[PDB]
$ cat final-v5.txt   # compact mmCIF, C-alpha atoms and all ligand atoms
# COMPACT_ATOMS: atom_id res chain seq x y z
CA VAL A 1 77.17 96.07 107.70
CA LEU A 2 75.10 93.05 108.61
CA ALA A 3 73.68 92.09 112.00
CA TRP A 4 71.09 89.85 113.64
CA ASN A 5 69.51 89.19 117.04
CA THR A 6 71.00 86.40 119.16
CA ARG A 7 68.78 86.49 122.25
CA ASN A 8 68.10 82.78 121.91
CA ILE A 9 71.74 81.98 121.18
CA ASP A 10 74.13 84.12 123.22
CA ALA A 11 71.92 85.63 125.91
CA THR A 12 71.28 83.58 129.06
CA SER A 13 68.71 83.73 131.86
CA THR A 14 71.47 84.44 134.37
CA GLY A 15 73.14 86.99 132.11
CA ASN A 16 75.83 86.18 129.59
CA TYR A 17 78.89 88.12 130.67
CA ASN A 18 81.32 86.48 128.25
CA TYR A 19 81.47 89.55 125.99
CA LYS A 20 83.51 92.70 126.66
CA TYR A 21 83.92 96.26 125.42
CA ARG A 22 86.40 99.08 125.96
CA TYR A 23 85.42 102.47 127.30
CA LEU A 24 88.66 104.03 128.66
CA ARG A 25 91.73 104.99 126.66
CA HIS A 26 94.28 107.77 126.34
CA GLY A 27 92.86 108.88 123.01
CA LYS A 28 90.66 107.32 120.35
CA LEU A 29 91.61 104.42 118.10
CA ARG A 30 92.53 104.59 114.42
CA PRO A 31 90.34 102.93 111.72
CA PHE A 32 90.67 99.16 111.73
CA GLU A 33 92.77 98.97 114.88
CA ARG A 34 92.75 95.90 117.15
CA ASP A 35 93.71 97.36 120.52
CA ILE A 36 93.42 94.34 122.77
CA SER A 37 95.70 95.43 125.57
CA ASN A 38 94.44 95.19 129.14
CA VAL A 39 96.25 97.05 131.88
CA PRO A 40 95.08 99.36 134.70
CA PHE A 41 93.97 102.72 133.34
CA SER A 42 95.08 106.00 134.82
CA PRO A 43 93.42 109.37 133.98
CA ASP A 44 96.76 111.13 133.56
CA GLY A 45 98.98 108.47 132.00
CA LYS A 46 100.59 107.30 135.25
CA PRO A 47 101.21 103.68 136.30
CA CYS A 48 98.58 102.43 138.73
CA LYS B 1 128.55 94.57 96.72
CA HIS B 2 124.82 95.29 96.89
CA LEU B 3 122.45 97.89 98.29
CA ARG B 4 119.02 96.83 99.45
CA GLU B 5 116.19 99.34 99.72
CA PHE B 6 112.87 99.10 101.55
CA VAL B 7 109.91 101.33 102.34
CA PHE B 8 107.57 100.62 105.24
CA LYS B 9 104.23 102.36 105.77
CA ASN B 10 101.40 101.59 108.22
CA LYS B 11 98.01 102.72 106.92
CA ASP B 12 94.38 101.66 107.43
CA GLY B 13 95.50 98.57 109.34
CA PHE B 14 97.82 97.53 106.50
CA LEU B 15 101.58 97.36 106.48
CA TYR B 16 102.82 98.27 103.03
CA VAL B 17 106.20 97.13 101.84
CA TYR B 18 108.17 98.21 98.77
CA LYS B 19 111.49 96.74 97.63
CA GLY B 20 114.39 97.36 95.25
CA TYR B 21 118.17 97.11 94.98
CA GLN B 22 121.30 97.95 93.03
CA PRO B 23 125.00 96.94 92.66
CA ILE B 24 127.37 99.17 94.66
CA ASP B 25 131.07 99.90 95.15
CA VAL B 26 130.86 102.07 98.29
CA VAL B 27 132.50 101.34 101.63
CA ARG B 28 131.24 103.92 104.17
CA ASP B 29 129.00 106.44 102.38
CA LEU B 30 125.42 106.24 101.07
CA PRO B 31 125.49 106.15 97.20
CA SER B 32 123.56 108.83 95.36
CA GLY B 33 121.33 108.03 92.41
CA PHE B 34 117.77 107.44 91.29
CA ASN B 35 115.89 104.16 91.59
CA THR B 36 112.21 103.32 91.68
CA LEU B 37 111.02 100.60 94.06
CA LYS B 38 108.15 98.16 93.53
CA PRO B 39 105.39 96.98 95.94
CA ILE B 40 105.70 93.49 97.37
CA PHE B 41 103.48 93.16 100.48
CA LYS B 42 100.20 94.45 101.87
CA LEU B 43 99.66 92.88 105.28
CA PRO B 44 96.23 93.20 107.08
CA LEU B 45 97.84 93.20 110.50
CA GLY B 46 95.62 95.80 112.20
CA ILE B 47 98.41 96.65 114.64
CA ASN B 48 99.90 99.77 116.20
CA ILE B 49 103.49 100.50 115.15
CA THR B 50 105.53 103.28 116.75
CA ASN B 51 108.93 101.62 117.06
CA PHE B 52 111.05 99.03 115.35
CA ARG B 53 114.35 97.18 115.59
CA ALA B 54 116.66 95.66 113.02
CA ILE B 55 117.62 91.99 113.22
CA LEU B 56 121.35 91.47 112.66
CA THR B 57 123.67 88.51 112.17
CA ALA B 58 126.25 87.33 114.72
CA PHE B 59 129.76 86.40 113.61
CA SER B 60 132.78 84.81 115.26
CA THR B 61 133.25 89.29 111.63
CA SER B 62 133.25 91.75 108.74
CA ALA B 63 131.81 95.26 108.83
CA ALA B 64 128.28 96.14 107.67
CA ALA B 65 126.08 99.22 107.55
CA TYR B 66 122.50 100.40 107.25
CA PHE B 67 120.54 103.60 107.00
CA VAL B 68 117.25 105.00 108.29
CA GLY B 69 115.21 107.97 107.05
CA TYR B 70 111.66 109.24 107.59
CA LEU B 71 108.80 109.83 105.18
CA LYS B 72 106.62 112.92 104.77
CA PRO B 73 103.30 113.87 102.98
CA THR B 74 105.22 115.58 100.21
CA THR B 75 104.14 116.48 96.68
CA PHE B 76 106.14 114.96 93.83
CA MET B 77 106.13 115.02 90.07
CA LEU B 78 107.10 111.74 88.45
CA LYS B 79 108.57 111.37 84.98
CA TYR B 80 107.39 108.27 83.11
CA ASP B 81 109.35 107.05 80.09
CA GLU B 82 107.98 105.48 76.91
CA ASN B 83 107.94 102.00 78.45
CA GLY B 84 106.21 103.23 81.62
CA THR B 85 109.40 103.28 83.70
CA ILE B 86 109.91 106.16 86.11
CA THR B 87 113.25 107.76 85.31
CA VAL C 1 115.06 100.81 119.06
CA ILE C 2 114.19 103.30 116.37
CA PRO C 3 110.92 105.35 116.18
CA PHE C 4 108.67 104.54 113.21
CA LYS C 5 106.94 107.94 113.03
CA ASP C 6 104.16 106.76 110.71
CA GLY C 7 106.56 105.63 107.97
CA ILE C 8 110.24 105.03 107.35
CA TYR C 9 112.87 104.56 104.72
CA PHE C 10 115.33 101.73 105.20
CA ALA C 11 118.39 100.67 103.29
CA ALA C 12 121.50 98.60 103.86
CA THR C 13 124.84 97.83 102.28
CA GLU C 14 125.79 94.19 102.23
CA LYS C 15 128.59 91.87 101.21
CA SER C 16 127.77 89.21 103.78
CA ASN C 17 123.98 89.55 104.29
CA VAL C 18 124.12 90.80 107.89
CA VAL C 19 120.66 92.37 108.18
CA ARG C 20 118.05 89.64 108.09
CA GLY C 21 114.86 91.32 109.22
CA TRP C 22 112.91 93.75 111.35
CA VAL C 23 110.49 93.80 114.24
CA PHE C 24 107.65 96.32 114.12
CA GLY C 25 105.41 97.24 117.04
CA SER C 26 104.67 99.77 119.79
CA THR C 27 106.01 98.87 123.24
CA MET C 28 108.09 96.13 121.59
CA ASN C 29 107.25 93.37 124.07
CA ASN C 30 104.83 90.51 124.78
CA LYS C 31 102.24 92.81 126.33
CA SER C 32 100.98 93.65 122.83
CA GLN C 33 100.95 92.37 119.25
CA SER C 34 104.01 92.87 117.08
CA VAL C 35 105.17 91.58 113.73
CA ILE C 36 108.42 89.85 112.92
CA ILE C 37 109.61 89.92 109.33
CA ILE C 38 112.66 87.84 108.52
CA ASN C 39 114.62 86.43 105.64
CA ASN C 40 115.88 83.26 107.25
CA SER C 41 117.95 82.28 104.17
CA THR C 42 115.53 79.55 103.13
CA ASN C 43 112.17 81.29 103.40
CA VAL C 44 110.76 84.71 104.10
CA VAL C 45 108.61 84.39 107.18
CA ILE C 46 106.13 86.86 108.59
CA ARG C 47 104.37 86.39 111.93
CA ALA C 48 102.29 88.57 114.24
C1 LIG D 1 100.59 102.65 120.09
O1 LIG D 1 100.81 102.27 121.56
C2 LIG D 1 101.63 103.28 122.16
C3 LIG D 1 101.89 102.80 123.57
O2 LIG D 1 102.98 103.48 124.17
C4 LIG D 1 100.99 104.71 122.13
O3 LIG D 1 101.99 105.62 122.52
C5 LIG D 1 101.50 106.70 123.38
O4 LIG D 1 100.52 107.62 122.62
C6 LIG D 1 100.06 108.80 123.30
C7 LIG D 1 99.16 109.55 122.34
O5 LIG D 1 99.90 110.24 121.35
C8 LIG D 1 101.39 109.56 123.62
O6 LIG D 1 101.19 110.87 124.14
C9 LIG D 1 100.46 110.91 125.41
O7 LIG D 1 99.19 111.63 125.27
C10 LIG D 1 98.45 111.70 126.50
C11 LIG D 1 97.11 112.48 126.19
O8 LIG D 1 96.42 113.00 127.38
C12 LIG D 1 99.33 112.49 127.52
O9 LIG D 1 98.65 112.61 128.74
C13 LIG D 1 100.63 111.75 127.75
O10 LIG D 1 101.47 112.45 128.69
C14 LIG D 1 101.31 111.66 126.44
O11 LIG D 1 101.49 112.90 125.96
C15 LIG D 1 102.34 108.71 124.55
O12 LIG D 1 103.54 109.45 124.90
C16 LIG D 1 102.68 107.52 123.75
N1 LIG D 1 103.62 106.70 124.50
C17 LIG D 1 104.83 106.45 124.06
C18 LIG D 1 105.71 105.58 124.90
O13 LIG D 1 105.22 106.91 122.98
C19 LIG D 1 100.64 105.00 120.62
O14 LIG D 1 99.91 106.24 120.49
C20 LIG D 1 99.82 103.93 120.01
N2 LIG D 1 99.56 104.27 118.62
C21 LIG D 1 98.36 104.54 118.19
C22 LIG D 1 98.21 104.75 116.72
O15 LIG D 1 97.40 104.63 118.97
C1 LIG D 2 112.06 101.22 76.14
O1 LIG D 2 111.77 101.36 74.63
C2 LIG D 2 112.97 101.65 73.91
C3 LIG D 2 112.56 101.80 72.46
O2 LIG D 2 113.63 102.25 71.64
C4 LIG D 2 114.02 100.50 74.10
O3 LIG D 2 115.22 100.83 73.45
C5 LIG D 2 115.71 99.74 72.58
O4 LIG D 2 115.39 98.33 73.14
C6 LIG D 2 115.89 97.23 72.36
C7 LIG D 2 115.48 95.96 73.05
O5 LIG D 2 116.33 95.65 74.15
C8 LIG D 2 117.44 97.44 72.34
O6 LIG D 2 118.16 96.36 71.75
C9 LIG D 2 117.85 96.16 70.31
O7 LIG D 2 117.32 94.82 70.08
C10 LIG D 2 117.04 94.57 68.68
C11 LIG D 2 116.46 93.11 68.58
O8 LIG D 2 116.54 92.50 67.24
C12 LIG D 2 118.37 94.69 67.89
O9 LIG D 2 118.16 94.45 66.54
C13 LIG D 2 118.94 96.08 68.06
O10 LIG D 2 120.20 96.22 67.36
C14 LIG D 2 119.16 96.28 69.51
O11 LIG D 2 119.99 95.33 69.96
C15 LIG D 2 117.83 98.82 71.69
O12 LIG D 2 119.27 99.00 71.68
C16 LIG D 2 117.20 99.86 72.52
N1 LIG D 2 117.55 101.16 71.99
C17 LIG D 2 118.32 101.98 72.67
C18 LIG D 2 118.64 103.30 72.03
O13 LIG D 2 118.74 101.67 73.78
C19 LIG D 2 114.31 100.38 75.64
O14 LIG D 2 115.25 99.32 75.94
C20 LIG D 2 113.04 100.10 76.32
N2 LIG D 2 113.29 99.89 77.73
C21 LIG D 2 113.17 98.70 78.27
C22 LIG D 2 113.44 98.56 79.73
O15 LIG D 2 112.86 97.72 77.57
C1 LIG D 3 106.97 88.53 128.67
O1 LIG D 3 108.07 87.47 128.84
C2 LIG D 3 108.76 87.72 130.06
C3 LIG D 3 109.85 86.69 130.13
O2 LIG D 3 110.84 87.03 131.09
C4 LIG D 3 107.78 87.65 131.29
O3 LIG D 3 108.47 88.07 132.44
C5 LIG D 3 108.53 87.02 133.46
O4 LIG D 3 107.13 86.71 134.04
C6 LIG D 3 107.14 85.73 135.08
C7 LIG D 3 105.71 85.56 135.54
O5 LIG D 3 104.96 84.73 134.68
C8 LIG D 3 108.07 86.33 136.19
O6 LIG D 3 108.08 85.60 137.41
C9 LIG D 3 108.60 84.21 137.28
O7 LIG D 3 107.61 83.24 137.74
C10 LIG D 3 108.07 81.88 137.65
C11 LIG D 3 106.90 80.96 138.18
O8 LIG D 3 107.33 79.64 138.67
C12 LIG D 3 109.33 81.74 138.56
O9 LIG D 3 109.83 80.44 138.50
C13 LIG D 3 110.40 82.69 138.08
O10 LIG D 3 111.59 82.61 138.90
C14 LIG D 3 109.84 84.07 138.17
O11 LIG D 3 109.45 84.29 139.43
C15 LIG D 3 109.54 86.55 135.65
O12 LIG D 3 110.41 87.07 136.68
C16 LIG D 3 109.41 87.53 134.55
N1 LIG D 3 110.73 87.80 134.01
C17 LIG D 3 111.20 89.03 133.94
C18 LIG D 3 112.57 89.21 133.36
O13 LIG D 3 110.53 89.99 134.33
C19 LIG D 3 106.63 88.68 131.04
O14 LIG D 3 105.65 88.64 132.11
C20 LIG D 3 105.96 88.39 129.76
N2 LIG D 3 104.86 89.32 129.53
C21 LIG D 3 103.65 88.89 129.25
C22 LIG D 3 102.62 89.91 128.94
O15 LIG D 3 103.40 87.68 129.26
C1 LIG D 4 113.42 79.06 107.90
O1 LIG D 4 111.94 79.10 107.47
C2 LIG D 4 111.51 77.80 107.03
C3 LIG D 4 110.07 77.98 106.63
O2 LIG D 4 109.20 78.04 107.76
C4 LIG D 4 111.69 76.72 108.15
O3 LIG D 4 111.54 75.43 107.63
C5 LIG D 4 110.23 74.84 107.90
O4 LIG D 4 110.18 74.26 109.33
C6 LIG D 4 108.93 73.60 109.63
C7 LIG D 4 109.05 73.07 111.03
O5 LIG D 4 110.34 73.31 111.58
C8 LIG D 4 108.82 72.46 108.55
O6 LIG D 4 107.74 71.55 108.79
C9 LIG D 4 106.40 72.16 108.70
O7 LIG D 4 105.65 71.97 109.94
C10 LIG D 4 104.32 72.52 109.88
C11 LIG D 4 103.64 72.24 111.28
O8 LIG D 4 102.17 72.31 111.28
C12 LIG D 4 103.54 71.79 108.75
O9 LIG D 4 102.24 72.29 108.65
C13 LIG D 4 104.25 72.01 107.42
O10 LIG D 4 103.57 71.33 106.34
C14 LIG D 4 105.62 71.46 107.58
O11 LIG D 4 105.51 70.16 107.92
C15 LIG D 4 108.76 73.06 107.09
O12 LIG D 4 108.61 72.01 106.10
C16 LIG D 4 110.05 73.75 106.90
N1 LIG D 4 110.09 74.32 105.56
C17 LIG D 4 111.22 74.40 104.88
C18 LIG D 4 111.17 75.01 103.51
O13 LIG D 4 112.27 73.97 105.36
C19 LIG D 4 113.19 76.78 108.62
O14 LIG D 4 113.44 75.83 109.68
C20 LIG D 4 113.56 78.13 109.07
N2 LIG D 4 114.92 78.14 109.56
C21 LIG D 4 115.19 78.30 110.83
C22 LIG D 4 116.63 78.32 111.25
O15 LIG D 4 114.28 78.42 111.66
$ encode --input "final-v5.txt" --output "structure tokens" --more "lines below"
Ligand SMILES: *[C@@H]1O[C@H](CO)[C@@H](O[C@@H]2O[C@H](CO)[C@@H](O[C@@H]3O[C@H](CO)[C@@H](O)[C@H](O)[C@@H]3O)[C@H](O)[C@H]2NC(C)=O)[C@H](O)[C@H]1NC(C)=O
Ligand SMILES: *[C@@H]1O[C@H](CO)[C@@H](O[C@@H]2O[C@H](CO)[C@@H](O[C@@H]3O[C@H](CO)[C@@H](O)[C@H](O)[C@@H]3O)[C@H](O)[C@H]2NC(C)=O)[C@H](O)[C@H]1NC(C)=O
Ligand SMILES: *[C@@H]1O[C@H](CO)[C@@H](O[C@@H]2O[C@H](CO)[C@@H](O[C@@H]3O[C@H](CO)[C@@H](O)[C@H](O)[C@@H]3O)[C@H](O)[C@H]2NC(C)=O)[C@H](O)[C@H]1NC(C)=O
Ligand SMILES: *[C@@H]1O[C@H](CO)[C@@H](O[C@@H]2O[C@H](CO)[C@@H](O[C@@H]3O[C@H](CO)[C@@H](O)[C@H](O)[C@@H]3O)[C@H](O)[C@H]2NC(C)=O)[C@H](O)[C@H]1NC(C)=O
Amino acid sequence: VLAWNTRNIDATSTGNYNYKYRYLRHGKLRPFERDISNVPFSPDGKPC
Amino acid sequence: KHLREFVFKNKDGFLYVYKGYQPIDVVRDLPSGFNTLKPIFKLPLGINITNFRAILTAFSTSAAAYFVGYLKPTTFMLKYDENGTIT
Amino acid sequence: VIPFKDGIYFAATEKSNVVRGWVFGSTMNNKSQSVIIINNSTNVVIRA
């Protein structure tokens, strides 16, 4: 696992908001899973 | 004339595929016997599989058939012959 | 549509090569990634 700082590359003075993360899902992901779906989330599985 | 066999498993982001076949003379049933399949693919797809569909051929018209079963975490003993073939 | 249930066995009896391939996925539509595996009689082609 390798990582480095990119403050002078990716970050911007106005805020670089071109990167996203997931925080809501009906259960956790499996190892090495690319869940890249993007629909409205509902706390009890309903359409919204 | 021929029976084709495949095994599909989705594990650690990889789709595993095994293949094998034999000559047949059956019309409607599923021939009994013993045959060991070999690995052919290991695809780093990283995708979520819960369903699948078969892709058929259109004619304009003989009959054809296929079969689906399900796999389980089951313990097996395998008998290897002198040449390393499972019999 | 047939459930995958974390692993399947598939077989087919042929005299005219009717079954050519399979599609594997979740919701089985363009709202998510899925893989198409086909024997197109000249090449075996796999795409996700
Ligand atoms: C692959 O994507 C499919 C998208 O449909 C996921 O299927 C859904 O998985 C959940 C979790 O097992 C299934 O059960 C649901 O659990 C929530 C938990 O609170 C519950 O509220 C729901 O009522 C339901 O029980 C859900 O039924 C299932 N949907 C379908 C159509 O089968 C699938 O889990 C994804 N695979 C992986 C490995 O994440
Ligand atoms: C696994 O090993 C056994 C060892 O006995 C193999 O059985 C024998 O394999 C040979 C080679 O095909 C068979 O044919 C023989 O070829 C020689 C070549 O000069 C010939 O002189 C003999 O008269 C005979 O034709 C032999 O019949 C066969 N023995 C028996 C009892 O079947 C076996 O084939 C090996 N398995 C594989 C998949 O190679
Ligand atoms: C997956 O592919 C299907 C193909 O049918 C997509 O469904 C179609 O989506 C369009 C919107 O992009 C729907 O509206 C259409 O808009 C055009 C714009 O000029 C209009 O000319 C059409 O008459 C229609 O209004 C279209 O009705 C819809 N088709 C169906 C059967 O629902 C679907 O959105 C695709 N999914 C993804 C994730 O791209
Ligand atoms: C069955 O699968 C084969 C293999 O993909 C298909 O034939 C292939 O078709 C492509 C384009 O139609 C042929 O040209 C290729 O284009 C790409 C574009 O970037 C290029 O990078 C390749 O170097 C090549 O130029 C390709 O040569 C051709 N291959 C063969 C063996 O025919 C075939 O069309 C498929 N059959 C059907 C009904 O789709």
$ atom_distance --input "final-v5.txt" --atom1 "atom CA of residue B:51" --atom2 "atom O13 of ligand LIG 1 (chain D)"
8.8 Å
$ atom_distance --input "final-v5.txt" --atom1 "atom CA of residue B:23" --atom2 "atom CA of residue C:16"
13.8 Å
$ residues_around --input "final-v5.txt" --residues "residue B:10" --least-positions-apart "5" --cutoff "8 Å" --atoms "only C-alpha atoms" --output "compact mmCIF listing (two decimals) with C-alpha atoms, in the frame of the given file"
# COMPACT_ATOMS: atom_id res chain seq x y z
CA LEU B 15 101.58 97.36 106.48
CA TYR B 16 102.82 98.27 103.03
CA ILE B 49 103.49 100.50 115.15
CA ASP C 6 104.16 106.76 110.71
CA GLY C 7 106.56 105.63 107.97
$ residues_near_ligand --input "final-v5.txt" --ligand "ligand LIG 2 (chain D)" --cutoff "9 Å" --atoms "only C-alpha atoms and all ligand atoms" --output "ChimeraX atom specification"
/B:81-85
$ closest_atom_pairs --input "final-v5.txt" --of "chain B" --to "chain A" --cutoff "12 Å" --atoms "only C-alpha atoms" --output "tab-separated table"
residue	atom	partner	partner_atom	distance
B:10	CA	A:33	CA	11.2
B:11	CA	A:31	CA	9.1
B:12	CA	A:31	CA	6.0
B:13	CA	A:32	CA	5.4
B:14	CA	A:32	CA	9.0
B:44	CA	A:32	CA	9.4
B:45	CA	A:34	CA	8.8
B:46	CA	A:33	CA	5.0
B:47	CA	A:33	CA	6.1
B:48	CA	A:33	CA	7.3
B:49	CA	A:33	CA	10.8
$ residues_around --input "final-v5.txt" --residues "residue A:25" --least-positions-apart "3" --cutoff "12 Å" --atoms "all atoms listed in the file" --output "compact mmCIF listing (two decimals) with C-alpha atoms, keeping the file's coordinate frame"
# COMPACT_ATOMS: atom_id res chain seq x y z
CA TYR A 21 83.92 96.26 125.42
CA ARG A 22 86.40 99.08 125.96
CA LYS A 28 90.66 107.32 120.35
CA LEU A 29 91.61 104.42 118.10
CA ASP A 35 93.71 97.36 120.52
CA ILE A 36 93.42 94.34 122.77
CA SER A 37 95.70 95.43 125.57
CA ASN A 38 94.44 95.19 129.14
CA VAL A 39 96.25 97.05 131.88
CA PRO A 40 95.08 99.36 134.70
CA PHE A 41 93.97 102.72 133.34
CA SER A 42 95.08 106.00 134.82
CA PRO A 43 93.42 109.37 133.98
CA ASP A 44 96.76 111.13 133.56
CA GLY A 45 98.98 108.47 132.00
$ residues_around --input "final-v5.txt" --residues "residue B:35" --least-positions-apart "5" --cutoff "10 Å" --atoms "all atoms listed in the file" --output "PyMOL selection string"
chain B and resi 5+20-22+86-87
$ interface_residues --input "final-v5.txt" --of "chain B" --to "chain C" --cutoff "6 Å" --atoms "all atoms listed in the file" --output "JSON, numbers by chain"
{"B": [1, 2, 3, 4, 5, 6, 7, 8, 9, 48, 49, 50, 51, 52, 53, 54, 55, 56, 57, 65, 66, 67, 68, 69, 70, 71]}
$ residues_near_ligand --input "final-v5.txt" --ligand "ligand LIG 4 (chain D)" --cutoff "8 Å" --atoms "all atoms listed in the file" --output "ChimeraX atom specification"
/C:39-45
$ residues_near_ligand --input "final-v5.txt" --ligand "ligand LIG 3 (chain D)" --cutoff "8 Å" --atoms "only C-alpha atoms and all ligand atoms" --output "ChimeraX atom specification"
/C:29-32
$ atom_distance --input "final-v5.txt" --atom1 "atom CA of residue B:64" --atom2 "atom CA of residue B:24"
13.4 Å
$ closest_residue --input "final-v5.txt" --among "A:16, A:6, A:26, A:48" --to "ligand LIG 1 (chain D)" --atoms "only C-alpha atoms and all ligand atoms"
A:26
$ axis_aligned_box --input "final-v5.txt" --around "stretch 12-29 of chain A" --padding-each-side "5 Å" --output "JSON"
{"center_x": 81.5, "center_y": 96.2, "center_z": 126.2, "size_x": 35.6, "size_y": 35.3, "size_z": 26.3}
